[PDB]
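Data first, discussion second: the structure below is written as structure tokens.
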Amino acid sequence: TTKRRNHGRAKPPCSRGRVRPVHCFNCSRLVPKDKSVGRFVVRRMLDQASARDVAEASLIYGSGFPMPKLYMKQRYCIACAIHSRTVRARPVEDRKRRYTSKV
Amino acid sequence: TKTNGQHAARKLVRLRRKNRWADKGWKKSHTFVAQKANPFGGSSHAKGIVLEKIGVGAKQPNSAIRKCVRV
Amino acid sequence: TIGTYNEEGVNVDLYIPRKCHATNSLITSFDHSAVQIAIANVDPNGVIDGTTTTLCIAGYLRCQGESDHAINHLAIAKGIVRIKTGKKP
Amino acid sequence: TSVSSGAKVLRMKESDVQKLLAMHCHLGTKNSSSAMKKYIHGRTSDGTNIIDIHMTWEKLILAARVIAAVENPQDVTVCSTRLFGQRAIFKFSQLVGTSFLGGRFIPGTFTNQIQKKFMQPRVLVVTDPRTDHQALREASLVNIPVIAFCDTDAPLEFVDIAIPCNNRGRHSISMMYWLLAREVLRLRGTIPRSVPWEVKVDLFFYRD
Amino acid sequence: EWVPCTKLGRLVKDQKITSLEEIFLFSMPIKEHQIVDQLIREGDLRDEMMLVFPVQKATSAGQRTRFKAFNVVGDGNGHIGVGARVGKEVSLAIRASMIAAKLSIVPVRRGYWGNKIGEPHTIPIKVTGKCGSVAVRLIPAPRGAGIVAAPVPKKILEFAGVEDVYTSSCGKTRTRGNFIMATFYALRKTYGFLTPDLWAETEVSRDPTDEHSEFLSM
Amino acid sequence: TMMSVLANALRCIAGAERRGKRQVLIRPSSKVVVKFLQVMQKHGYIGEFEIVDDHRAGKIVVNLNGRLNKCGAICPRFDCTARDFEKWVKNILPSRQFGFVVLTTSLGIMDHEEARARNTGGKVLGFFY
Amino acid sequence: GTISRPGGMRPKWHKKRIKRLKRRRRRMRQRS
Amino acid sequence: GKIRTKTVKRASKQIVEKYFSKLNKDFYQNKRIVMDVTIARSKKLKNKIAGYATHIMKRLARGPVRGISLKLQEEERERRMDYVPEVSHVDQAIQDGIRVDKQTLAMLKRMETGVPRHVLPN
RNA sequence: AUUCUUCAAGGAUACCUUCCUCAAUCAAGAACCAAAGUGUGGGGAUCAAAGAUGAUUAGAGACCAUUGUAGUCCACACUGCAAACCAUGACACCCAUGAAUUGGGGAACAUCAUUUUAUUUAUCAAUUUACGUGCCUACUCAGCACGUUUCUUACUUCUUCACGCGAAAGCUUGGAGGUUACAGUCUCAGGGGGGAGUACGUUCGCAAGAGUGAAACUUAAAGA
RNA sequence: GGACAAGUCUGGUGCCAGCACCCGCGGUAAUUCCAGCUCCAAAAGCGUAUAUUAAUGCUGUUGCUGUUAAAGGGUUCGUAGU
Ligand SMILES: [K+]
Ligand SMILES: [K+]
Ligand SMILES: [K+]
Ligand SMILES: [K+]
Ligand SMILES: [K+]
Ligand SMILES: [K+]
Ligand SMILES: [K+]
Ligand SMILES: [K+]
Ligand SMILES: [Mg+2]
Ligand SMILES: [Mg+2]
Ligand SMILES: [Mg+2]
Ligand SMILES: [Mg+2]
Ligand SMILES: [Mg+2]
Ligand SMILES: [Mg+2]
Ligand SMILES: [Mg+2]
Ligand SMILES: [Mg+2]
Ligand SMILES: [Mg+2]
Ligand SMILES: [Mg+2]
Ligand SMILES: [Mg+2]
Ligand SMILES: [Mg+2]
Ligand SMILES: [Mg+2]
Ligand SMILES: [Mg+2]
Ligand SMILES: [Mg+2]
Ligand SMILES: [Mg+2]
Ligand SMILES: [Mg+2]
Ligand SMILES: [Mg+2]
Ligand SMILES: [Mg+2]
Ligand SMILES: [Mg+2]
Ligand SMILES: [Mg+2]
Ligand SMILES: [Mg+2]
Ligand SMILES: [Mg+2]
Ligand SMILES: [Mg+2]
Ligand SMILES: [Mg+2]
Ligand SMILES: [Mg+2]
Ligand SMILES: [Mg+2]
Ligand SMILES: [Mg+2]
Ligand code: NA
Ligand code: NA
Ligand code: NA
Ligand code: NA
């Protein structure tokens, strides 16, 4: 019983032989790059409450200058992406939605 | 998928000869090995002398003594 | 004269099925997509007179989406639809 | 269309062309399907498809000649689930004498024989193949031919006679039904061809 | 006590449409089993039950048992029908199968093997029907060599009116449900094959629903 | 690579008739292909066809009238004695009442009914019905 | 689990057990 | 909860349809009418029916309700809809002039009719 | 899978160049072949089979933690065992639809240069070929991208993809289609489950192993 | 009892004795054992064992299968052969 037509990765037949592995962001497990679950995360350095208090003291950010952010490209193994609720199991005839972009 | 050649009779003959050893029914009748292991020398009946009377228990779902003999 | 005959002139078929006018295929009794379309004839004045022209469509043509193209071909052949616009006077 | 003796009647006139252009009946969508590609005559720079006017008239007259050959007008039903076409089919059935079905199509209307609303038409007319998909599917089980108004992106399964026109727009739908009703009456003896019809097209417009 | 609910039923209830060939010609569906009862003379229908077996569905605290029954109907020559239905009791399933068999009734074509002397006795061409994994092949046979077939297809072929056939089978024929349906499909195909005696055009005719339009509109 | 021009042509015709087409294009052409088509046309199974010249092996356009159920080639070309016609009819034809088996004989290419009249055997080419 | 019922111990470890058996037979026959 | 079951809701629609006149937005007068024209036994049910009927009358005073279909309101609605203007909309548009595109102009120029009157490019 | 400098190759495209069946598939035979592993010299930062210590546990020769040798890297020789998978042999023909994408070419942009007819028509048309943008010397440039329409090659998708096929899951121009209406060409495997890829014999290998490959017995099911 | 034509009969035994080619029967109401009475098949014949032919498209030239059930070589080159 074949569960997925692409077998869970993005490697069509007659396209590639081997894809180099990467380390899971959480457990350091080695997983091929095209099979891993990848997300680009942009994180604010401070929440709304702390950012307000810091801005009053600072002469730079005190008048409408953006605070810096954190940029990360996180890759998960399948087990870690499920246990962390990044993805969940989906019904059949629903597993085919793709969401090419953010949101 | 086989040849279908019109001059490939030799290939077809050789193919059937090799693949005919793969069924137990054909192999048993052509091999002379089961005949030697058969207590009867290829016959339907044989005569013997009784050595002992024994009782053989039936297999698991059933339960009985089967009253066999050693010859 | 259509059908199978005895050694004498006796027809021994139950019935003669219709034939699709586009594919020349028999229309069976268990084919429930087959349709018959009747088109009225028109007098020299734009009034129908009472006679009609009938077309038969197989039914698998309808399921595959080719019945519109087939009827176009049949209507042009029968002299009902004009293939192209006229020329200016 | 053509007739047995080439009487040149039933051909489209200058006034009919004006009505089609005024109501934007020749403007299609930006998408296009393989079945409908033969009815397209050029494409504007914006991306809109222009429908061939000659082909539209030939299909409309062919549909009228099919309807006019039915002895009992109640054996023809007109369906429309789009809001803009519900008023038009109501006026059309009043003038021509047919039955109609507006709103949601209840499944099993043509196949469930023990219901109180069982219907057995001989010809079906629908406004849009895409939205009236349930009616077309049922017609393919009980030997019913289908006449449909189609846009440049319509699927043509179970459709027998397709009339290419603008399926969207309150003015466009009303004009197409007004033209079809006038032709059916003219093909009968009811109204003459030499006097303009007195029924206003605004009666067919959808009003809130 | 029959009140027809379709246009076809009203025509049959009155003394119009006197034969099944009128219905078969225009491919109209049959939705009332009283139509077949009226159009085939009494003493010729000759139905029979072929197979009834139980089916089960697992539930919490036990299982639910129902009965599926197969029925075959057919006049002496040229007509055959097969139906299958499920019911809570054997008698209820059997009664529902008889109605289903009558509703799905088709004509069977007959022909000659070598010489057209008396009457059609065999099938005109080679046909094959498939249902599930079972495929049944029917081959024309000369006069005298009777129905050479297994007991299940032999009973169906007798009801259809065929006199001489050779039969071949493949697949798992012990599934009696698929064996019965595969034979029915082969017999259905006899009227869908175009032979040179049917090349000579045809003449159009009006359907019953518009020939009698005035009577129905009442 | 292509090993049989006749088998290729008969597969194109049978495929087109299954799909309900009106015309089919066949490439490449040959003398045996034309003779086979002339036998089918004489009995009324295809209709008019036309050969286009290109200074190479030609091309054929065939018109179909919807009367042809199936045609096919037989490979290899087995020999057929004049007393073996009934065996081939029983094996590859729907019945004994219609359909033809095409043979190549020293008198030319012909159907099995004509070959029986002239009392000649040969090599089986194909069939149609 | 990604495989159907094996009907025994894991096939990799059964292969290794036969692997060690063959070495012992080879050594025992070498002694003679 | 205080959900009205389908037996209560069905009866209230029937009462409003038949006795729309003489009903108002007061529970206590509507209750007397309901007891007069209802055969059922439960007094609790009749109180609930009068309550939901009063709710419907309040809704009707501000706009139509999908399940009522009053005869007099329907008849006046049809008369308002069947309004015929003095001059047809299509006639007014023609007199104003019709603007087309280059592709539409090219199609018209090749037809037997030609470019009709009152047709300008832009 | 960083950049630059070099050496020999490969496919696709373009062509009114050349040649004239030179071809397809293949027992035997040859070359290459992941990781682990082996031999001799280098090298040794990280991680880490074996081993040590701390926990956890009824116990814990395990999972967790701190370490730690071989290995992991290079050169030259071996080995030829993978879920070496698209679990789908190679060559050839036909095959419906809409969006995309990677390389080449044509049209376009830019640069230069300066048919009859036809008053009385029509059954499968004698010309749908239309269309602009941004950057650009105070040169890897007559250049570079984009927008629009065609064509050849390649990896694909339809969740708004047709027949047909299949036990079903599913496949579908790229078939698992065109097959009881069974024949385009060649080649390799299989014949109920176990015993078993085991025993014996022989070839290859430093070894580890690799190829070839049974039976006696035992079972009514195993499997999808 | 079923395959497979013919008993929801009457006594005895009680997972024993036994039957059963296969599925299965037998622990107190046995449609299967040991018997009586009835009934079935074919008959001057009828059972059992072993071998072989057909059943078997389970050896497949006519005519099998190879994604997941057993089964496409790790990849190219390549001779005999077709
Ligand atoms: K993935
Ligand atoms: K699992
Ligand atoms: K080493
Ligand atoms: K460690
Ligand atoms: K291997
Ligand atoms: K490329
Ligand atoms: K007892
Ligand atoms: K097999
Ligand atoms: Mg590649
Ligand atoms: Mg790999
Ligand atoms: Mg069988
Ligand atoms: Mg699973
Ligand atoms: Mg498995
Ligand atoms: Mg980098
Ligand atoms: Mg290594
Ligand atoms: Mg070292
Ligand atoms: Mg290691
Ligand atoms: Mg650890
Ligand atoms: Mg460490
Ligand atoms: Mg290394
Ligand atoms: Mg493999
Ligand atoms: Mg299969
Ligand atoms: Mg398969
Ligand atoms: Mg075959
Ligand atoms: Mg085996
Ligand atoms: Mg050695
Ligand atoms: Mg060593
Ligand atoms: Mg070995
Ligand atoms: Mg018994
Ligand atoms: Mg019996
Ligand atoms: Mg026996
Ligand atoms: Mg007893
Ligand atoms: Mg045998
Ligand atoms: Mg046989
Ligand atoms: Mg397997
Ligand atoms: Mg492979
Ligand atoms: Na490591
Ligand atoms: Na794989
Ligand atoms: Na596709
Ligand atoms: Na056999």
Side-chain angles (χ1 to χ4, degrees), chain A residues 1-2 5 7 12-18 20 93-94 96-98, chain B residues 1-12 15-16 19-20 22-26 29 31 33-34 37 40 42-45 58 61-67, chain C residues 60 63-65 73 76-77 79 82-87 89, chain D residues 31-35 41-43 45 130 153 155 157, chain E residues 125-128 130 132-133 135 137 168 170-172 193, chain F residues 1-4 6-9 11-12 14-16 18-19 24 27 69-70 72-76 91-94 129, chain G residues 2 4-5 7 18-19 21-23 25, chain H residues 102-103 106:
Chain A
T1 315
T2 294
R5 179 174 165 92
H7 313 291
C14 307
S15 76
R16 265 162 286 287
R18 189 200 170 209
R20 73 146 65 137
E93 51 75 34
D94 181 334
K96 274 149 154 317
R97 272 244 70 189
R98 300 274 299 187
Chain B
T1 354
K2 100 175 67 160
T3 324
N4 186 79
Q6 153 96 318
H7 279 5
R10 175 138 39 221
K11 174 112 214 150
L12 294 169
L15 207 82
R16 185 53 53 228
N19 278 274
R20 228 155 36 181
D23 43 352
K24 314 299 192 140
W26 193 92
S29 126
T31 200
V33 176
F40 296 3
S43 330
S44 53
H45 296 73
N62 292 354
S63 197
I65 314 294
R66 283 303 170 219
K67 318 291 193 324
Chain C
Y60 72 85
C63 297
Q64 268 153 60
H73 188 95
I76 290 165
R82 275 159 61 231
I83 196 148
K84 82 176 171 272
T85 194
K87 71 150 37 73
Chain D
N31 298 315
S32 163
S33 40
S34 200
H41 181 294
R43 157 170 105 224
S45 62
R130 181 165 271 124
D153 74 359
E157 53 255 24
Chain E
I125 52 138
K126 293 193 211 155
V127 266
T128 299
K130 180 164 168 115
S133 97
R137 198 190 191 202
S168 146
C170 82
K172 184 179 257 229
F193 200 99
Chain F
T1 53
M2 182 174 296
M3 311 256 165
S4 180
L6 181 64
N8 182 254
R11 223 185 178 176
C12 287
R18 188 187 235 247
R19 286 185 332 267
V24 68
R27 161 201 56 108
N69 297 287
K70 197 197 185 109
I74 285 141
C75 303
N91 277 340
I92 68 180
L93 281 192
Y129 52 81
Chain G
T2 81
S4 92
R5 159 166 42 208
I18 294 263
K19 210 242 185 286
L21 210 29
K22 257 191 283 173
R23 277 185 92 161
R25 279 155 171 164
Chain H
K102 317 305 124 169
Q103 283 80 2

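Throughout, protein chains are lettered first and strands after them, A, B, ... in sequence-line order, and every chain is numbered starting at 1. Side chains included, hydrogens not; waters and symmetry mates left out as well; all remaining heavy atoms used.
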If a pair means Watson-Crick or G-U wobble with both distances below 3.5 Å, are [N] and [M] one?
| N | M | result |
| --- | --- | --- |
| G170(I) | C165(I) | yes |
| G71(I) | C47(I) | yes |
| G164(I) | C171(I) | yes |
| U38(I) | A77(I) | yes |
| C146(I) | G132(I) | yes |
| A145(I) | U133(I) | yes |

Looking only at N and O atoms, is any donor in the side chain of [X] or the base of [N] less than 3.5 Å from an acceptor on the other one?
| X | N | value |
| --- | --- | --- |
| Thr2(G) | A83(I) | yes |
| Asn19(B) | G191(I) | yes |
| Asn4(B) | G184(I) | no |
| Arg20(B) | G191(I) | no |

Exercise for review: For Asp23(B), enumerate each residue passing the salt bridge (charged side-chain N to carboxylate O under 4.0 Å, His left out) test, keeping only those at least two apart in sequence or located in another chain.
Suggested key: none

Check your understanding: Who are the salt bridge (charged side-chain N to carboxylate O under 4.0 Å, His left out) partners of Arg18(F), not counting sequence neighbours?
Key ->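 None.
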
Exercise for review: Please tell me which of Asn91(F) and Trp26(B) maps to the more 5' nucleotide of RNA chain J, matching each residue to the nucleotide holding its nearest heavy atom.
Suggested key: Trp26(B)

Using atom types as modelled and distance alone, determine if a side-chain donor or acceptor of [X] lies under 3.5 Å from a backbone N or O of [Y].
| X | Y | result |
| --- | --- | --- |
| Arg19(F) | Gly15(F) | yes |
| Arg130(D) | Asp153(D) | yes |
| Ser15(A) | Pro12(A) | yes |
| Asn19(B) | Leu15(B) | yes |

Identify, with sequence neighbours excluded, every residue that meets side chain to side chain contact (heavy atoms under 4.5 Å, CB included) alongside [X].
| X | value |
| --- | --- |
| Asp94(A) | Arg90(A), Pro91(A) |
| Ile18(G) | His14(G), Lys22(G) |
| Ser4(G) | none |
| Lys172(E) | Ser133(E), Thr175(E) |

Mind listing the N/O atom pairs, protein and nucleotides 160-167 of chain I, below 3.5 Å?
residue	atom	partner	partner atom	Å
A167(I)	OP2	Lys130(E)	NZ	3.0

Point to revise | Any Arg25(G) side-chain N or O less than 4.0 Å from OP1/OP2 of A199(I) | key: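 Yes, such a contact exists.
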
Between [M] and [N], how far apart are the [atom1] atoms? Round to whole Å, please.
| N | M | atom1 | answer |
| --- | --- | --- | --- |
| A42(J) | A6(J) | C1' | 14 Å |
| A28(I) | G74(J) | P | 14 Å |
| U180(I) | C165(I) | P | 8 Å |

With a non-hydrogen cut-off below 4.0 angstrom, is [X] in contact with a base, only sugar-phosphate, or nothing?
| X | result |
| --- | --- |
| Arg98(A) | base |
| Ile76(C) | base |
| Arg66(B) | base |
| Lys96(A) | base |

Please write out each protein N/O paired with an N/O of nucleotides 1-3 of chain I under 3.5 Å, distance rounded to 0.1 Å.
none

Check your understanding: Counting side-chain heavy atoms from C-beta on, which of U179(I), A17(J), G190(I) comes nearest to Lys70(F)?
Key ->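 My answer, after comparing the listed nucleotides, is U179(I).
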
Check your understanding: Any idea which of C86(I), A181(I), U149(I) is nearest the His7(A) side chain?
Key ->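 That would be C86(I).
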
Polar atoms only, N or O, under 3.5 Å: list the protein pairs with nucleotides 171-173 of chain I and their distances.
residue	atom	partner	partner atom	Å
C171(I)	OP1	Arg5(A)	NH1	2.9
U172(I)	OP2	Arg5(A)	NH1	3.0
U172(I)	OP2	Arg5(A)	NH2	3.4

Practice item. Tell me the stems RNA chain J sits in, counting at least three consecutive Watson-Crick or G-U wobble pairs, each under 3.5 Å on both distances. Key: I:29-32 with J:74-77, I:188-190 with J:64-66, J:9-12 with J:33-36

Point to revise | Face-to-face contact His73(C) to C124(I) six-ring, under 5.5 Å, under 30° | key: yes

Protein-nucleotides 151-155 of chain I N/O pairs closer than 3.5 Å?
residue	atom	partner	partner atom	Å
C155(I)	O3'	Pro13(A)	O	3.0

Revision key, fill the gap. pair_partner(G41(I)), Watson-Crick or wobble, both distances < 3.5 Å, evaluates to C74(I)

Point to revise | For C15(I), the Watson-Crick or wobble partner whose two distances fall under 3.5 Å | key: none

Check your understanding: How would nucleotides 65-77 of chain J be written as a contact map, 5' to 3', with B for base contact, S for sugar-phosphate-only contact and - for no contact, using protein heavy atoms under 4.0 Å?
Key -> BB-----B-----

